[PDB]
Every structure is written in C-alpha cells, then in structure tokens.
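Only one chain comes next, encoded as structure tokens, the form deposited in one PDB entry.
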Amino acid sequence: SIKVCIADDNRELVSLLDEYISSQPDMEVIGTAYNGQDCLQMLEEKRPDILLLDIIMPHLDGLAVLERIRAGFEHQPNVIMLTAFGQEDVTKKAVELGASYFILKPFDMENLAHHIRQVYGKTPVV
C-alpha cells in the first residue's frame, strides 16, 4: 500500500486528510505531524512513500523541511506540497528543492488521491 505521512499545523485538516486517505483501499496513513520539527522527527521514525507537506507552520516551515529531507536523510519520501501559499517564487523553490507536486488549498480529496497515486507510481532512469 502507499504509506502516507501528513504534516500541517491545521489539526482539523489533518484529521480530515487522515480519515479520507485511510478510507482508500490502496493507502495507509503511517504518521502525522503539526509543525516542521515534528515532521522531521516523524521522518526519522517512519518511512512514508508519500509526504503531504504544508508550508506555513511554526518552528520550521515546509520549504525548510523540504531542503532538510533532501540533504539529511537516506530514505526520501516523494513530497506533495499542499498549501494555500502558491506564490510565484515559492512554487519555483518547491520544484528546485525536490517537490514532486504542488496542490493549492482549497482542494478536492479525489484530486489529491489522484496525485498521490500518480506520484507514487512515477523517473527518467529505467
């Protein structure tokens, strides 16, 4: 199954995401975090295939998280940014830092699941 981790400081949203993704037969939520530091700690412990990553969060933001994942971890989930902040420089930074996809809030759950499955099933070297 696709193992998903969720990082966002909106607790209600995390619960909705967890409920929906848990209802998909091919997916499982293996961890959630409410800020960037907790997200990094969660990634030390869990090895998701997919990370849903909010940007605006306390302690450490999702772009700092993205940069740390690429530089500091052996195992790397494919990351889907899921944020309200789709500012021109931020989108560009996200792709430079290794994000696999970037979805704006507000979003539809079905579209999100569609992207999860495409990103998991993705590279250029055969």
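We call the rigid core whatever largest set of C-alpha positions still superposes within 1.5 Å between the two forms. In case it trips you up, residue 1 is the first one in the sequence shown, and so on.
Although not depicted, the form deposited in another entry is the subject of the following passage.
Relative to the superposed core, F85 shifts its CA atom by 2 Å or more between the shown form and the other one. After superposition on the rigid core, the Cα of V14 moves by less than 2 Å between the shown form and the other one.
In this overlay on the rigid core, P106 has a C-alpha that sits 2 Å or more away from its partner position between the shown form and the other one. Compared with the form shown, the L16-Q87 C-alpha separation decreases in that other deposited form, the change being 3 Å or greater. Between this form and the other one, the CA-CA gap for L82 and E88 narrows by 3 Å or more, being smaller in that other deposited form.
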